[PDB]
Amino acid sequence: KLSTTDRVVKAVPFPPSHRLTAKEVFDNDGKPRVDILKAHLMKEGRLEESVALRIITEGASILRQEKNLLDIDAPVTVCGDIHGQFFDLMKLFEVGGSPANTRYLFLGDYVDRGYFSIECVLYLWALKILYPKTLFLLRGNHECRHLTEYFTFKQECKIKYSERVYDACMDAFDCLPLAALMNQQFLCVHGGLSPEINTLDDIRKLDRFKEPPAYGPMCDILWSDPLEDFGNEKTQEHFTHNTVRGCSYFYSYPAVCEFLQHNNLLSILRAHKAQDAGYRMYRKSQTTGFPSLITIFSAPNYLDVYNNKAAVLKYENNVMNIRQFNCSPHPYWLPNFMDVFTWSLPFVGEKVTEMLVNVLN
């Protein structure tokens, strides 16, 4: 009958066990081979620890030289949360364009929730090494030690690589810029505004090479949210305690409009919030006639249950083109990277005990 040694579902490719070496990941010039890396990571392949550490540290060195507030000219494809959905990230670049001929800006949250977070980091960092001046990465609230230890990113690193690789990621995440000034019109951040931030210079004078503090303007950039009644403003306070995140604040429609007018900004582009269509246009500013706030979310079918769309924002030729895309298949992991023996053994001992009890009566 069915072989006890050969694989039953032969349609599933057996993942490669080899770990790529430095000579196989970096070419003669020292540039990463993103084609090799993409194909290998899509098969759930792994790199040698030293190679993974080299990608993380080399990418961190490029990030380390960048300012807190990036200056990015149009055209550019702005992207929201990825949350470790590496196979949806492959679809994202198909939708937005290849980084070989397309400028990109990512608003953070590359890790946690999805179970391919380290693949997302390695591939984005390699792209950052390859395209240091056309592909840009901002920091999200999940690129920190506080959250990756509470969620699955640290466990993911220890299963696929080592805690040393995790530790290298934490130091790299500290180098991530906090914000971007895009085409002199849009302030691009992960979370939103801060009561301690009223000008662009308030962002520039920040010290970002650290773990995000529990309070302060750096925390607010990464954690803040618009009011649930944004636009329908009955709460006349500009900043109130964020009861959903447990820290930072909610910011109101008057707060955003005042900031935009004080800094001559058209809109604020942010992420940090799952959306059914992958995007949300907030109430227009009476001063500009343009939406004061835009949320972008690039993780489709979030947590494999939300069944939401994802979108990126392609700004080119004075056109704000929203591009939606659906989720893609990905290999299956048991929750919290549990193996099948630890998963099934309590069921095994239970059913064999029931049988023995009913046979012996």
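Residue positions are given as counts along the sequence shown, with the first one as 1.
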property	result
Of 241-249 and 264-272, the stretch whose C-alpha atoms average the higher B-factor in the entry	241-249
Between the two ranges 213-221 and 74-82, the one averaging a larger CA B factor in the entry	213-221
Of the residues 167, 149, 156, 109, the one carrying the largest Cα B-factor as recorded	149
Criterion, highest CA B-factor; candidates, 29, 66, 58, 44	29
Position of residue 324 among the chain's modelled residues by C-alpha B-factor, lowest, middle or highest third	lowest
Residue 203 CA temperature factor, ranked by third within the chain	highest
Modelled-residue ranking by C-alpha temperature factor, third containing residue 97	middle
CA B-factor ranking of residue 297, expressed as a third of its chain	lowest
Within-chain third of residue 20 by Cα B-factor, per the entry	lowest
